Every structure is written in C-alpha cells, then in structure tokens.
Amino acid sequence: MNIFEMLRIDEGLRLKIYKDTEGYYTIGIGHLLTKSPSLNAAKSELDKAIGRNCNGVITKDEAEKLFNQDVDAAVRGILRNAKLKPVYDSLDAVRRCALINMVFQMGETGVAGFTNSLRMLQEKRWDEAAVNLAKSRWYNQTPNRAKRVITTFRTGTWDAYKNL
C-alpha cells in the first residue's frame with residue numbers, strides 16, 4: 001500500500017463534476033475546484049486546470065494527472081511548512097502517509113491548526129494523539145475516513161485499509 005492507493009480509497013474517482021461532503025464542486029480523485037456555488041465557476045476552473053474545454057467531464061488520465069499534482073503539492077507543502085515539517089521528519093514511513101492524507105483533505109493551514117495532536121505525534125504518544133485527533137469537526141463530519149487515518153497514526157500499519 002502507498003499514499004496513492006490510500007488516497008484513492010478515501011476519495012474515490014469521479015469523472016464528472018460533483019459535490020464533495022462539504023457541498024463543494026470537485027472532480028477526479030478529490031480535486032477541489034472551487035468553494036463557489038456556481039457550477040459555472042466550477043466548469044471554468046476545470047477548463048483552466050485541464051487546458052481544454054471539458055464541459056464538466058474529464059478522462060481517467062486527466063484525473064490521474066491532477067491527482068499526481070495534488071499529492072506532490074501536499075508533500076511540498078508539508079516540507080515548506082514550519083509547523084508540519086518537523087512532525088513529518090520525526091515520523092516513520094506509514095505515519096508519514098497519514099499526515100499527507102490529512103493535508104490533502106484539509107489543507108496545510110487546517111492541519112497546522114491541530115497544535116496539540118501535532119505535539120503528541122512528535123512525541124510518539126500514539127494513543128494520546130488518537131484520542132485528541134477525534135475531538136474535531138473533521139472526525140465528526142467524516143468519521144469513517146477520520147477513523148482510518150487515526151488508526152494509521154495509532155498503529156503505524158496499514159490495517160485500516162487492508163479491509164477496503
């Protein structure tokens with residue numbers, strides 16, 4: 001299992017514009033297009049992103065291309081972030097995947113806001129951090145996906161996904 005497979009399980013693949021859990025316009029493998037209510041604003045962002053007139057629809061290849069960009073950007077974002085980098089550097093390979101997942105879903109800024117959980121992870125207090133992470137809007141809104149991520153941080157294994 002790797003970050004790509006992990007995220008492909010959590011986000012799904014959709015070739016037509018769709019609304020995410022938060023009601024935002026998305027396409028592909030969790031690629032947010034706009035927080036704007038206009039489908040037209042969405043279709044415009046999409047064409048800009050692909051470089052063609054897509055008319056709200058893309059190919060598998062296009063979705064994967066966006067996906068590669070997003071994971072790359074997520075990684076680079078963590079490495080450039082003063083709050084995130086140190087945590088990342090302190091973690092083992094599987095747990096690193098878990099932080100990437102959170103950043104991909106919630107953005108750098110959002111994850112950087114989990115001050116206490118970050119501190120616990122850095123200190124390798126697995127059980128404590130799992131409990132703290134669950135006290136969030138994130139967990140209440142997308143509980144199955146959050147539990148998967150949380151178990152990943154808790155155990156350092158891919159058990160939560162070996163099911164799926």
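Residues numbered from 1 in each chain as written, not as in the entry; some residues may be left out. Heavy atoms only, no water.

## Looking at helix α9 (residues 143–155)
Here comes step 1: Spanning 13 residues, α9 covers 18 Å between terminal C-alpha atoms, matching the ideal 18 Å at 1.5 Å per step.
Here comes step 2: Burial in α9 covers these residues: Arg-145, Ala-146, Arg-148, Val-149, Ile-150, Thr-152 and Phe-153.
Here comes step 3: Considering only its buried residues, α9 is in contact with α1 (3–11), α5 (93–112), α6 (115–122), α7 (126–133) and α8 (137–141).
Here comes step 4: Once α9 ends, the next one or two residues include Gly-156, with phi positive near 75 degrees. (Helix = DSSP H or I, 4+ residues; strand = E, 2+ residues; numbered from the N terminus. Expected span 1.5 Å × (residues − 1). Buried < 20%, exposed > 50% of the residue type's maximum accessible area, 1.4 Å probe, protein only. Contact = heavy atoms within 4.5 Å.)

## A closer look at the packing of aromatic side chains
Within a pair of aromatic rings, the relevant descriptors are the distance that separates the centres and the angle that separates the planes.
Here comes step 1: This model, assessed by the stated rule, comprises 4 aromatic pairs.
Here comes step 2: With 6.3 Å between their ring centres and 80 degrees between their planes, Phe-114 and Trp-138 make a pair best called edge-to-face. Here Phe-114, found in the loop between α5 and α6, pairs with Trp-138, found in helix α8; they are 24 residues apart in sequence, far enough to count as distant. A single burial state applies to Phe-114 and to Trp-138, both of which are buried.
Here comes step 3: Every member of this aromatic cluster is reached through a ring pair, and the members are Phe-4, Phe-67 and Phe-104.
Here comes step 4: The ring of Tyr-18 is capped by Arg-14, whose NZ or CZ atom sits 4.1 Å from the centre of that ring.
Here comes step 5: Residue placement shows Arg-95 over the ring face of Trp-126; its charged tip is 3.6 Å from the ring centre. (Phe/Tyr/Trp six-rings, centres within 6.5 Å; stacked < 30°, edge-to-face > 60°. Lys NZ or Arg CZ within 6 Å of the ring centre and 35° of its normal.)

## Some thoughts on the UniProt feature "active site" in the chain
Here comes step 1: The UniProt feature table records "active site" at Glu-11 and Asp-20. Considered against the largest pocket, the annotated residues that line it turn out to be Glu-11 and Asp-20.
Here comes step 2: For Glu-11, a relative accessible area of 15% gives the class buried.
Here comes step 3: Beyond its immediate chain neighbours, meaning those up to four positions away, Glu-11 contacts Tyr-18, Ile-29, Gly-30, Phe-104 and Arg-145.
Here comes step 4: By the secondary structure assignment, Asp-20 is in the loop between β1 (14–19) and β2 (25–28). (UniProt positions renumbered as here; feature names shortened; annotations may be inferred. 1 Å grid on protein atoms, 1.4 Å probe; cavity = no way out; pocket = protein on both sides within 12 Å on 5 of 7 lines; lining within 4 Å.)

## What about the UniProt feature "binding site: substrate" in the chain?
Here comes step 1: Residues given the UniProt feature "binding site: substrate" here are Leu-32, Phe-104, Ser-117 and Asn-132. Of the residues just listed, which span 101 residues, the most distant C-alpha pair is 27.0 Å apart, and they do not cluster in one region. Considering only the annotated residues already named, the ones lining the largest pocket are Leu-32 and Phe-104.
Here comes step 2: Along the chain, the position of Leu-32 falls in strand β3 (residues 31–34).
Here comes step 3: For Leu-32, a relative accessible area of 35% corresponds to the partly exposed category.
Here comes step 4: Excluding anything up to four places from it in sequence, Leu-32 contacts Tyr-24, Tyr-25 and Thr-26.
Here comes step 5: Locating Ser-117 in the fold gives a position in helix α6.
Here comes step 6: Excluding residues that lie within four positions of it along the chain, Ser-117 makes contacts with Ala-129, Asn-132 and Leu-133.

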